[PDB]
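Naming convention: chains lettered A, B, ... in sequence-line order (proteins, then strands); numbering from 1 in each chain.
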Amino acid sequence: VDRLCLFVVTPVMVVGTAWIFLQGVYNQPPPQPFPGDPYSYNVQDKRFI
Amino acid sequence: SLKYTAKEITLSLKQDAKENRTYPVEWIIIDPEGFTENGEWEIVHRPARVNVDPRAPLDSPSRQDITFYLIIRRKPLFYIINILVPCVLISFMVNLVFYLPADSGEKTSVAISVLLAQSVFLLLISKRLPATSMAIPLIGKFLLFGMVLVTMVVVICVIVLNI
Amino acid sequence: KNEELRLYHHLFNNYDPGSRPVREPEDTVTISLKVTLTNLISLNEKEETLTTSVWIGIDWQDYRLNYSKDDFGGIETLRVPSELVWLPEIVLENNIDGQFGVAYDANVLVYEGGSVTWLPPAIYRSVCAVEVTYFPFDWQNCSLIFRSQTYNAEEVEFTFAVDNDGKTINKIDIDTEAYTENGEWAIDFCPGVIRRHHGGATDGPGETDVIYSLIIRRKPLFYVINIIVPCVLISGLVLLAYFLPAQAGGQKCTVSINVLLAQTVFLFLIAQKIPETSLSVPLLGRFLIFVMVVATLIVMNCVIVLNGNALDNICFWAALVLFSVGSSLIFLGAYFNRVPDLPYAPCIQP
Amino acid sequence: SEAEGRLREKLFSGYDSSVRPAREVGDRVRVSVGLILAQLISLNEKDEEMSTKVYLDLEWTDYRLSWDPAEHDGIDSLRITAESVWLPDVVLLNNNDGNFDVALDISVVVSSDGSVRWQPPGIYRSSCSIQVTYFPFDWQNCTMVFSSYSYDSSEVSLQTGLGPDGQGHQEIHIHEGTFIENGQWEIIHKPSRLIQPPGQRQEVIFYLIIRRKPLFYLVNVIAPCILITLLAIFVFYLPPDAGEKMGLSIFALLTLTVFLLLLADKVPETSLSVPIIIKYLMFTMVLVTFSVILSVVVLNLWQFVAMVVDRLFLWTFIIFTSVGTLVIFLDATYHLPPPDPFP
Amino acid sequence: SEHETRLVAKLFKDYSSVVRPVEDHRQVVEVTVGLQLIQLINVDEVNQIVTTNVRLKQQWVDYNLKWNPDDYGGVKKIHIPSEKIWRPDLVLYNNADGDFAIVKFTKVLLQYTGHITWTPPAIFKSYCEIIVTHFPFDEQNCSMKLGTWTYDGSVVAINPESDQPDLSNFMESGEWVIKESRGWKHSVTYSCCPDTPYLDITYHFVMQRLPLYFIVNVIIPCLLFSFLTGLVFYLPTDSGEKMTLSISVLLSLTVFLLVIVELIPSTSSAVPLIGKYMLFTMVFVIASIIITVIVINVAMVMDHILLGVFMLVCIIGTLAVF
Amino acid sequence: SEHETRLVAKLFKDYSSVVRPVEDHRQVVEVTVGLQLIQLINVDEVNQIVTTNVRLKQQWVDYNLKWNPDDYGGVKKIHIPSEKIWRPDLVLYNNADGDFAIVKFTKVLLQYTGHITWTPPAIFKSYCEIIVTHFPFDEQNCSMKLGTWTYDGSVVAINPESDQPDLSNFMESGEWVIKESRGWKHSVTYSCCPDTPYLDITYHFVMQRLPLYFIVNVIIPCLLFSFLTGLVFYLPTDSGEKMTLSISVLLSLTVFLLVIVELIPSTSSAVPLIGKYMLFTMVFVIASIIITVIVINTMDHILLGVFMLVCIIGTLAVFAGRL
Ligand SMILES: *[C@@H]1O[C@H](CO)[C@@H](O[C@@H]2O[C@H](CO)[C@@H](O[C@@H]3O[C@H](CO[C@H]4O[C@H](CO)[C@@H](O)[C@H](O[C@H]5O[C@H](CO)[C@@H](O)[C@H](O)[C@@H]5O)[C@@H]4O)[C@@H](O)[C@H](O[C@H]4O[C@H](CO)[C@@H](O)[C@H](O)[C@@H]4O[C@@H]4O[C@H](CO)[C@@H](O)[C@H](O)[C@H]4NC(C)=O)[C@@H]3O)[C@H](O)[C@H]2NC(C)=O)[C@H](O)[C@H]1NC(C)=O
Ligand SMILES: *[C@@H]1O[C@H](CO)[C@@H](O[C@@H]2O[C@H](CO)[C@@H](O[C@@H]3O[C@H](CO[C@H]4O[C@H](CO)[C@@H](O)[C@H](O[C@H]5O[C@H](CO)[C@@H](O)[C@H](O)[C@@H]5O)[C@@H]4O)[C@@H](O)[C@H](O[C@H]4O[C@H](CO)[C@@H](O)[C@H](O)[C@@H]4O)[C@@H]3O)[C@H](O)[C@H]2NC(C)=O)[C@H](O)[C@H]1NC(C)=O
Ligand SMILES: *[C@@H]1O[C@H](CO)[C@@H](O[C@@H]2O[C@H](CO)[C@@H](O[C@@H]3O[C@H](CO[C@H]4O[C@H](CO)[C@@H](O)[C@H](O[C@H]5O[C@H](CO)[C@@H](O)[C@H](O)[C@@H]5O)[C@@H]4O)[C@@H](O)[C@H](O[C@H]4O[C@H](CO)[C@@H](O)[C@H](O)[C@@H]4O)[C@@H]3O)[C@H](O)[C@H]2NC(C)=O)[C@H](O)[C@H]1NC(C)=O
Ligand SMILES: *[C@@H]1O[C@H](CO)[C@@H](O[C@@H]2O[C@H](CO)[C@@H](O[C@@H]3O[C@H](CO[C@H]4O[C@H](CO)[C@@H](O)[C@H](O)[C@@H]4O)[C@@H](O)[C@H](O)[C@@H]3O)[C@H](O)[C@H]2NC(C)=O)[C@H](O)[C@H]1NC(C)=O
Ligand SMILES: *[C@@H]1O[C@H](CO)[C@@H](O[C@@H]2O[C@H](CO)[C@@H](O[C@@H]3O[C@H](CO[C@H]4O[C@H](CO)[C@@H](O)[C@H](O)[C@@H]4O)[C@@H](O)[C@H](O)[C@@H]3O)[C@H](O)[C@H]2NC(C)=O)[C@H](O)[C@H]1NC(C)=O
Ligand SMILES: *[C@@H]1O[C@H](CO)[C@@H](O[C@@H]2O[C@H](CO)[C@@H](O)[C@H](O)[C@H]2NC(C)=O)[C@H](O)[C@H]1NC(C)=O
Ligand SMILES: CC(=O)OCC[N+](C)(C)C
Ligand SMILES: CC(=O)OCC[N+](C)(C)C
């Protein structure tokens with residue numbers, strides 16, 4: 001029973017931990033400040049009048 | 001402005017000139033002489049917008065505003081070293097319970113100690129974060145999952161000892 | 001018509017509170033100072049702030065406010081807002097929260113003959129270095145430094161108030177109708193000294209300030225009950241692990257480690273109650289550290305023995321002797337740390 | 001802007017902001033009080049205090065500030081610093097920190113007919129009786145009482161602010177397009193009521209019925225307690241020969257006690273009622289103490305009898321705990337906030 | 001509002017707020033002082049400070065502020081800024097860390113007879129000698145000594161509005177119940193000013209704590225641990241867990257003593273009954289551990305006797321304490 | 001008996017506190033700035049804020065506030081409110097949560113030569129980058145950038161009174177010792193104002209922490225718990241205390257790590273050395289527990305020797321680094 005519980009819980013624990021940590025690490029801010037607006041609002045992208 | 005409205009004052013972004021051509025300064029100004037790098041937050045974007053609400057009355061104060069945005073990203077290395085690593089190690093320590101012999105009489109003790117450590121970490125993180133119900137923090141979800149797994153492992157160990 | 005209005009108009013129609021009450025610029029204004037302590041609000045060792053409530057009796061002669069009762073229908077005292085008269089601008093120099101002045105701008109009392117009296121109440125938080133060496137049986141030499149924020153010693157000069165018997169009150173005054181005893185800190189002495197110094201290295205204008213030395217004493221009884229006794233019991237319980245069997249089932253190491261954890265919790269409590277200053281270590285903290293070291297050595301000895309009964313007994317006797325000697329030596333310094341005998345009169349009259 | 005300066009000087013020539021604009025000696029001043037909630041900053045159970053950021057909407061008629069725009073270059077409205085006109089001293093009576101007045105005296109808007117409108121921002125910390133019972137599924141009914149501090153009901157008559165169409169929209173105004181949503185509390189009902197005097201004063205009471213979002217406390221508090229209770233129940237399944245039953249029981253009891261001590265700081269210190277979660281925690285602690293006592297008795301007791309007593313205690317404690325927890329949870333969940341703000 | 005504007009302009013044209021509002025300097029300004037208690041904000045036993053929300057209804061006649069109503073269309077009362085007029089300088093003698101005097105200068109109700117009623121709000125953080133002996137079932141007698149600071153009894157006389165504080169608007173606190181309240185006038189003489197006694201009004205309130213919160217969150221767990229303390233003497237030595245239980249109970253008692261120390265002032269005036277019970281329980285735990293160690297180093301009969309003795313002593317101590 | 005009132009009336013009859021106190025507008029106001037540090041009130045590492053009690057002595061000659069002493073009976077100095085005169089608008093650039101400018105407007109001392117000395121008190125809550133690496137034996141270099149906010153260097157020039165801050169009245173702090181102090185004047189160009197460089201005086205203080213309190217309350221328990229780890233390998237398996245002792249050591253180390261992380265700011269610029277040591281000890285304890293479980297299921301002496309040698313080497317390296 002101990003070995004069965006190991007073989008059941010250990011991979012589940014590892015998969016859950018890895019999933020949580022990968023979902024956390026992969027989070028990044030969007031490349032644009034406002035979604036749906038192509039303008040970057042950056043000093044190098046001066047929008048001359 | 002609260003003393004004035006769009007009928008009284010028109011807000012606009014600062015215009016700056018390069019090569020005799022003017023352009024609006026649509027971002028937060030950072031001056032390298034006056035700017036101090038914060039130790040936790042990196043400024044990824046810093047836009048500025050003049051917001052006008054078309055449905056708001058022209059004489060209401062809420063019609064216009066200038067909003068400067070700071071999209072700041074947390075530097076996680078401190079939290080990885082000090083929080084994430086001990087919590088993950090303590091969670092994975094529960095997997096060793098299945099390996100300790102039943103004659104040792106310490107499997108339940110190990111499981112309960114792991115549960116207590118997880119509870120202490122959850123208390124610390126819940127103290128470090130606001131009580132917002134919008135979403136469970138990722139580390140909080142991991143802690144809850146680990147606590148559930150530790151409870152199940154304690155039940156399994158108790159059953160094994162009974163057998 | 002009210003005679004007080006005539007007196008006020010007569011005194012203040014041509015009065016300038018900016019200039020000092022001196023006929024010549026080189027004259028000094030003599031100030032009579034009498035700090036009356038109402039209660040010692042608290043002594044925060046962690047923040048090193050002494051909070052006290054005082055009444056600052058300040059008396060001086062202002063020839064511009066001189067009047068006789070015979071000319072104004074027998075008025076002997078006039079209450080005037082303090083913003084209207086010249087003030088010596090006495091401030092607590094060694095404060096810590098930035099509140100130099102008094103808490104309430106009470107009216108000044110202009111008596112006949114030109115004597116002006118001000119008795120404002122003030123709550124003061126001041127820097128008092130805390131000597132935690134002999135805690136909880138410690139006594140603290142807090143000090144209050146009063147000086148003019150504006151004028152030097154050649155413009156404003158301090159003197160102590162004189163009692164009805166002619167004796168100078170060269171100490172903090174305590175009034176039985178106002179003083180409320182603090183339940184944690186007793187007050188032993190409160191002498192006052194008017195210090196004078198030179199200014200710049202080129203013999204600049206003199207400086208003068210009044211320093212009151214509140215020599216106060218901690219009432220240790222509470223800390224005896226709730227801190228000392230638990231720590232002593234915990235340290236005593238350390239020695240019991242040796243009588244536990246040196247075979248399977250003997251929880252000697254477990255007991256030792258649990259007592260060490262309890263002593264660590266007590267150390268955390270002491271560190272919370274005692275400031276982070278590193279000038280000295282509290283003798284109770286030193287005793288706690290010594291007991292923790294002894295407990296670690298006892299754990300080591302138990303591990304060695306388990307890896308026996310005679311060795312357990314001999315280590316029990318050795319550890320008991322060492323612990324007793326250490327506890328006695330630690331507590332002797334605290335017990336001997338009485339307030340020293342000093343020439344000052346007691347602050348609270350028997 | 002010559003005409004504006006001339007009109008302002010005309011209006012304030014001989015004006016006195018300390019005198020209320022009663023025309024006749026018996027005339028009352030009617031002040032419409034509306035409230036716009038910009039942010040529900042927080043609710044503190046320990047202090048029983050709700051902190052909110054609001055914009056008032058005070059409207060009254062000051063006959064002294066009326067003018068004909070046709071004589072003054074068509075100026076039909078004017079913005080004037082609030083300190084220069086008479087203001088009703090509307091204050092938050094039930095504030096908890098002594099800050100009666102508004103946070104910033106922004107300018108009022110005066111219409112040519114003498115209608116003065118003022119929308120000052122205020123940061124307010126009102127006292128709010130916390131419903132401690134149904135934590136964390138509890139709903140709170142906080143009140144903001146606005147009244148003139150000095151003037152009697154015979155001098156200033158308060159009224160609830162009407163809707164933009166003139167409807168009796170006796171509600172706290174919330175612009176859903178800009179309102180700063182609170183992360184823990186959801187506003188359900190937001191009515192307002194004018195309260196008549198029982199020299200007495202009228203009051204305008206604004207009601208915030210905010211429901212606690214329980215997910216945070218479900219995850220961080222309730223679930224650990226349930227797990228600890230389950231472990232304390234399963235303690236009775238550990239055989240005596242393992243020698244770990246007393247350890248597990250003591251650790252479970254200590255963890256439950258620590259959770260109780262932590263929750264005691266979350267719940268208010270008032271003792272008018274016991275939170276249902278606190279009652280559950282106390283029942284669980286009593287159960288764990290009885291379990292420890294029965295384990296000690298079983299150890300003192302022979303082995304077959306001890307095992308039979310252990311199993312009997314296990315079944316009885318399981319039944320009692322399940323029944324108590326189910327009843328408590330049903331009672332806590334059933335008491336939803338009412339659909340009517342005045343039941 | 002023209003009548004009231006003219007009246008206000010004429011009253012304060014040459015008004016002086018410095019001198020007292022008497023016709024003759026030999027007269028005494030008689031001020032009626034009524035303390036209204038709106039809310040008992042906080043009681044801090046640790047700092048020995050009581051924070052209360054109050055209104056100070058002060059009423060007095062100003063000789064110069066009379067007017068004839070028929071001159072002003074029948075205006076019989078007006079509201080004026082209180083900074084304009086002379087006011088008694090009521091100071092809270094026992095201020096701990098707040099303001100001594102009033103700081104919210106709300107409007108004054110002035111009537112044509114000259115009668116001024118001023119009801120400023122205040123938050124008073126008064127010093128109170130917290131008696132911790134019977135905590136949490138204790139009752140606290142807390143007072144507020146209010147009086148004119150610079151004016152003595154021969155110059156300004158203050159009289160209580162009623163023998164009891166006005167509790168009509170009192171927001172009933174959920175932790176403390178006011179058993180009784182009363183206001184006493186006193187005429188004490190200070191060493192500063194021996195020729196002239198100074199009058200004060202000392203309001204006092206006998207508050208009583210509602211112990212349910214402290215019973216549930218403090219007393220019950222400590223009682224449970226004290227009950228479990230004696231249980232160790234029934235567990236046989238062969239279990240090998242008597243010391244683990246005794247030390248876990250000791251640790252729990254240490255934690256709760258730490259909590260209680262944070263809940264009570266560190267003043268050495270008297271030991272709390274709960275503090276005394278906790279110290280007794282700690283001594284009993286130490287003695288029980290010593291005796292258990294001696295027994296480990298006949299055993300069943302001693303265990304039974306010690307279990308009975310511990311249970312009886314626990315019940316006796318609980319009865320004598322509660 | 002009235003000459004000082006006459007003098008004060010004559011000086012300020014048509015005085016303007018808006019214009020600079022120079023005879024010609026093309027001249028530069030020379031201000032001498034001396035920071036006197038009265039007390040180092042606090043150094044909050046977690047908030048990275050240093051709170052200091054200072055007297056900010058400023059000395060300058062006001063061209064219009066001269067008088068002839070013989071006109072006023074030999075009066076050579078007067079005290080006047082600072083709100084009446086023109087003042088340099090010294091702002092603390094690195095303010096964290098305090099006031100930018102002086103708010104305690106004490107009286108200034110004016111002399112017949114026009115020399116004004118103003119010594120306002122201030123409680124500066126300045127920003128300081130707290131270095132956590134060598135904690136609790138760290139030396140912190142905290143600075144105060146003080147300068148005229150609106151007046152540029154060609155208009156109002158500030159000069160330091162002395163190369164070092166005035167520590168003559170410094171109340172010795174019980175936690176930090178000022179090992180060094182120095183003031184440097186700088187001119188820098190900001191993007192707001194490209195044609196006019198602005199002057200500032202950056203005072204800096206190299207303060208060394210006194211570690212004794214942290215040694216007693218933190219370092220010693222951590223060292224004791226680390227030492228207790230190695231005993232598990234000498235303790236026999238038949239005792240049954242191996243696992244309980246290892247779990248207790250792990251829990252104590254976790255609690256001490258939480259205490260340390262609470263005592264240290266969450267800035268991610270650099271890792272602390274004590275925190276790194278605690279993490280290494282945690283990893284070592286985890287490995288030791290794993291190996292103990294392997295042994296129990298199934299070495300003890302070899303692991304004990306290896307752990308003792310490695311621990312002694314690490315302790316010697318840590319002691320050398322902290323010294
Ligand atoms: C950080 O936080 C800040 C805020 O704190 C974030 O800033 C917000 O960013 C969002 C995302 O872009 C913005 O939302 C968009 O706003 C624009 C602008 O519209 C405004 O101005 C218009 C006139 O200029 C006016 O018509 C708009 O009114 C609309 O919205 C109001 C409010 O709901 C309604 O009452 C009106 O009836 C009307 O709908 C408004 O004042 C909008 O264009 C944009 O709308 C698009 O997206 C919506 C949902 O995504 C759809 O419902 C809309 O139909 C519309 O759809 C879009 O239409 C485009 C035109 O054809 C098309 O190109 C596009 O593909 C299409 N998109 C989709 C998905 O169908 C939307 O509402 C918000 O205003 C910002 N807030 C500010 C600036 O204060 C910021 O993003 C954050 N940064 C991060 C996360 O990195
Ligand atoms: C809670 O704590 C508060 C204080 O914080 C307690 O309040 C005290 O209550 C007692 C009664 O319970 C009060 O005593 C009463 O005082 C009044 C006023 O007395 C003053 O004025 C008198 C007028 O001239 C004067 O005679 C008084 O002088 C007395 O006192 C001095 C010393 O102070 C003494 O030397 C004198 O000989 C006098 O005795 C004083 O200036 C007084 O009118 C009352 O008289 C009652 O009692 C007498 C007999 O004692 C009786 O003949 C009368 O008919 C009447 O019944 C009485 O003395 C006291 O003043 C309050 N003190 C304060 C500071 O408020 C409160 O009792 C506590 N309650 C609890 C439940 O713990
Ligand atoms: C703690 O932290 C503080 C700051 O937080 C440190 O303070 C700095 O200390 C160093 C020395 O240790 C200072 O450097 C000195 O600065 C002065 C003043 O220089 C200014 O004025 C000059 C006069 O015109 C000017 O030339 C300077 O211009 C410099 O900068 C520009 C652009 O940045 C550059 O183009 C120039 O080339 C210059 O570098 C500047 O405006 C200066 O007089 C000193 O020169 C001495 O030393 C150098 C060699 O070091 C030598 O060549 C010279 O002959 C002379 O002997 C020197 O540069 C620095 O200004 C301080 N900065 C601040 C902000 O206070 C402090 O040192 C730290 N202590 C520690 C870690 O212990
Ligand atoms: C409580 O605290 C008080 C304040 O710290 C203590 O008073 C001070 O105690 C110190 C002890 O070192 C004295 O310092 C000594 O003073 C003498 C006298 O010289 C004085 O005069 C000269 C010339 O003006 C001046 O240079 C000195 O500084 C002194 O003012 C010197 O001979 C010694 O070298 C040494 O400096 C202080 O003088 C003394 N000050 C006062 C105002 O009392 C007090 O002793 C403490 N008491 C207790 C019981 O702890
Ligand atoms: C949130 O709390 C509010 C108070 O803090 C609640 O408002 C209360 O709602 C109840 C239920 O309707 C009201 O009670 C009723 O009151 C009326 C009016 O009473 C007055 O007049 C009668 C004479 O007719 C007189 O006897 C009373 O003394 C009053 O002068 C009565 O007619 C009803 O019988 C009944 O008592 C409260 O009055 C009302 N209080 C306030 C201040 O408005 C509110 O309902 C709460 N919300 C929720 C969701 O619980
Ligand atoms: C203060 O004023 C009093 C009152 O004028 C002065 O005392 C004497 O008053 C009488 C009035 O009858 C005068 O004739 C005397 O000339 C006054 N002087 C003396 C010395 O008797 C008093 O001198 C004034 N000065 C002070 C310092 O008290
Ligand atoms: C005259 C004066 O200021 O008296 C204040 C002190 N008091 C009121 C305690 C006697
Ligand atoms: C002109 C002005 O206000 O400059 C302030 C900004 N500074 C001092 C960084 C250049």
Residues forming a salt bridge (charged side-chain N to carboxylate O under 4.0 Å, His left out) with D/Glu49, sequence neighbours excluded
none
Indicate whether any N or O donor in one side chain lies under 3.5 Å from an N or O acceptor in the other, for F/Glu175 and F/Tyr213.
no
Taking the ring of F/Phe137 and the ring of F/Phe214, is the distance between their centroids below 6.0 Å?
no
Where do B/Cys87 and B/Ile139 come nearest, in terms of heavy atoms and distance?
SG-CD1, 4.3 Å
Any chance you could measure F/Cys222, atom SG, to F/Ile274, atom CD1, to the nearest 0.5 Å?
7.5 Å
Would you please name every residue forming a side chain to side chain donor-acceptor pair (under 3.5 Å) with D/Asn44, sequence neighbours left out?
none
Show, in sequence, the C-alpha distance, side-chain angles and deciding distance for D/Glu48 and D/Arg125, and conclude whether the salt bridge (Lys or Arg N to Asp or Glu O under 4.0 Å) test is met.
CA-CA 10 Å; D/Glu48 297 198 325; D/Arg125 296 177 185 78; over 6 Å; no
Just to verify, what does B/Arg46 make a salt bridge (charged side-chain N to carboxylate O under 4.0 Å, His left out) with, not counting sequence neighbours?
none
A side-chain contact here means heavy atoms from C-beta on lying under 4.5 Å apart; do D/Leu40 and D/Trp185 qualify?
yes
For B/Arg73, all residues meeting side chain to side chain donor-acceptor pair (under 3.5 Å), sequence neighbours excluded
B/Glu42
Sub-4.5 Å side-chain heavy-atom contact between B/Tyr99 and B/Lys107
no
Is a donor from one side chain sitting under 3.5 angstrom from an acceptor on the other, for F/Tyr277 and F/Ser226?
yes
Measure the CZ-CD distance between D/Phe216 and D/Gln184 for me, rounded to the nearest 0.5 Å.
8.0 Å
Could you tell me if the side chain of E/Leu258 sits less than 4.5 Å from the side chain of C/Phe268, heavy atoms only?
no
Quick one: list whatever passes side-chain contact (heavy atoms from CB on, under 4.5 Å) with F/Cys128, sequence neighbours left out.
F/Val50, F/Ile130, F/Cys142
Please examine the side chains of F/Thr133 and F/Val271, heavy atoms only from C-beta on, and report whether any two atoms are closer than 4.5 Å.
no
Looking at residues at least two apart in the chain, or sitting in another chain, which of them share a salt bridge (charged side-chain N to carboxylate O under 4.0 Å, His left out) with F/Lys125?
none
Main-chain N/O of F/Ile49 paired to F/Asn47 side chain as donor or acceptor, under 3.5 Å
no
Is there side-chain contact between B/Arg128 and B/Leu124, with heavy atoms separated by less than 4.5 Å?
yes
Atom OG1 in B/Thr132, atom CG in D/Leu215: separation rounded to 0.5 Å?
9.5 Å
Nearest 0.5 Å please: distance from the OG1 atom of A/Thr17 over to the CZ atom of B/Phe145.
6.0 Å
When you compare the side chain of E/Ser252 with that of D/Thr257, does any pair of heavy atoms fall below 4.5 Å?
no
With sequence neighbours excluded, residues passing side-chain contact (heavy atoms from CB on, under 4.5 Å) with B/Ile72
B/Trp41, B/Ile43, B/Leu70
Applying side chain to side chain donor-acceptor pair (under 3.5 Å), name anything that partners D/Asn182, two or more places apart in sequence or on another chain.
none
Hey, does the side chain of F/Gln140 reach the backbone of F/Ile131 with a donor-acceptor pair shorter than 3.5 angstrom?
yes
Which residues pass the side chain to side chain donor-acceptor pair (under 3.5 Å) test with F/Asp97, sequence neighbours left out?
none
Within this structure, what is the CZ-CD1 distance for the pair D/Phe137 and D/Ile276, rounded to the nearest 0.5 Å?
11.5 Å
When you measure from the centre of the six-membered ring of D/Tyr217, is the NZ or CZ of D/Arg212 under 6.0 Å away and within 45° of the axis?
yes
Partners passing ring-ring contact (aromatic ring centres under 6.0 Å, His included) against B/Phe68 (at least two apart in sequence or in another chain):
none
Got F/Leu263 and F/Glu45 here, is their nearest side-chain heavy-atom distance under 4.5 Å?
no
Residues passing the side-chain contact (heavy atoms from CB on, under 4.5 Å) test with D/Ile41, sequence neighbours excluded, are D/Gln39, D/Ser51, D/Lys53, D/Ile123
With a 4.5 Å limit on heavy-atom distance, are the side chains of F/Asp44 and F/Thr51 in contact?
no
Between OG1 of E/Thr254 and CG of C/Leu261, what distance do you get to the nearest 0.5 Å?
11.5 Å
